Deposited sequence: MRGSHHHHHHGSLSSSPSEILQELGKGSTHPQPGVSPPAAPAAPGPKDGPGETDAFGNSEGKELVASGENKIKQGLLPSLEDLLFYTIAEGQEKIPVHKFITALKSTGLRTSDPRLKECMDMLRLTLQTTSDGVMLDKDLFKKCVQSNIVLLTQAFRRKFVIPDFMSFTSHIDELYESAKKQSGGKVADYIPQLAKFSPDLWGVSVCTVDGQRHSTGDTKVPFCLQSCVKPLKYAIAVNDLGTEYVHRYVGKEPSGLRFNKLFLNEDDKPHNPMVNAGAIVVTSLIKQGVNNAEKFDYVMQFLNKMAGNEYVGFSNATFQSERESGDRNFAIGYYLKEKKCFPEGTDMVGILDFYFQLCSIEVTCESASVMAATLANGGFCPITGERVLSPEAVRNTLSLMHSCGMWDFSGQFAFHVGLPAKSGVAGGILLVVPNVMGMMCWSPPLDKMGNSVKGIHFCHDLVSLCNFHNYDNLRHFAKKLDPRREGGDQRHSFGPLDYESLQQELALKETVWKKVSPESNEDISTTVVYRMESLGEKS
């Protein structure tokens, strides 16, 4: 009845009675998946074992032997079922967008922390990870840098995940500021995407256990969001933050005075936990998986595991849309229309919902604290593709739609 889906896929990769391993790997990579994709491990484990047998071809039987455990995911890849079918074409566009933004040399590397915010201004990296796990990187995408305020969406998602929308917003608002004292009309910080809200959010997570276990908890959570790619910690940055955090201590003592914390909070300990979270290191590549988890409804696209509740992800994307780019948030929301969160190390965590996640990193910031190259890339991207939140999917004038074939 059914010519096995393995056999079907074998005769679309051949046409020619055996398939060399290199030709299978090359074709796989042209789909956008990496050979290292964790959902492909059994297939790659079977390829490693078959290759050990001789100093290397593949009949229909050996092909079924290697692909049968992952045949569904491989088929969607090879039959152009992914969110961006023509990924190689899309990748060329990202590279042009990267090169155009590389010429933008304005901005100043933040210097308030000595601790390696002596980063080179020429550092510039862009990483893409689609909701189906297709990957592309250009530039300095393996270099660790601190999330800084890029961590704010992530830890708010964690808190809404563990505690729910209602409890979290007992303590922090859900709206942009006004031209920004610290607290809105209900004497809550305005939203989780500014320092006061992030500090209150930090006090909500894993209450009860000590700070060392809270950090372990958040790290394990970030690991799931990144599909177990690079997450780390900059103790140097942490020490800088805690010695130069005069504004944050002011916020902390103010929040404590206005009774903004859940009962039982040690505010100075929370501030320390806050500085730790800002000092978490990612790379562009690992951070883009984190964004793609947000783009994919809370499922990590390269592992398939449910990481956040959909309520946590919708809420996070909403507040990233309106509050994520500091004083530029209103203009960014209007011209780019994408959930994004910037950080003072030069990172912009960018989310194209249902499509892809991205991390852009260039240390030189503009006057509002946003990476100059990153802001430029974001504008170009949406000017090229119909990814703006309120672009139309049918009628989009000169823009390109990478979700489509023609």
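What the model leaves out of the deposited chain are the segments 1 to 75, 91, 132 to 133, 259 to 261, 488 to 539.
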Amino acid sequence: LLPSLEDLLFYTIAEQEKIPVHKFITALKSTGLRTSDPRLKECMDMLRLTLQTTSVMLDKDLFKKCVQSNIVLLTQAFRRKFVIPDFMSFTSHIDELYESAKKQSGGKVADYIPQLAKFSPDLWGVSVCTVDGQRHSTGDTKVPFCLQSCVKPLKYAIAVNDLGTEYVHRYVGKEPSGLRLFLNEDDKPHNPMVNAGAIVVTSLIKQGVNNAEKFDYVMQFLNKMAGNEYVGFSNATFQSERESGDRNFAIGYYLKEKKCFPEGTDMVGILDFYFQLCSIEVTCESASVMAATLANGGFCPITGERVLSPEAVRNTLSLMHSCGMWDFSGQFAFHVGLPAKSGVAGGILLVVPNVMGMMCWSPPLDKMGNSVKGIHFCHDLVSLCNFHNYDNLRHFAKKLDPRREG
From here on, numbers count along this sequence of modelled residues.
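When the C-alpha B-factors of 26 to 34 and 63 to 71 are averaged, 63 to 71 comes out higher. Mean CA temperature factor is higher for 106 to 114 when stretches 106 to 114 and 217 to 225 are set side by side in the entry. For the set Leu123, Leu308, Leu204, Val282, the PDB entry assigns the largest Cα B-factor to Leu123. Within the selection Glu257, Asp132, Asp162, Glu243, the deposited Cα B-factor values reach their highest point at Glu243.
Among all modelled residues in this chain, the alpha-carbon of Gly324 has a temperature factor (C-alpha) in the lowest third. Residue-level temperature factors show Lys373 in the middle third of its chain, judged at the C-alpha atom. Looking at the C-alpha B-factors along this chain, the one for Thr91 belongs to the middle third. The deposited CA B-factor of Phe119 belongs to the highest third of values across its chain. Split the chain's modelled residues into thirds by C-alpha temperature factor. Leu181 is in the highest one.
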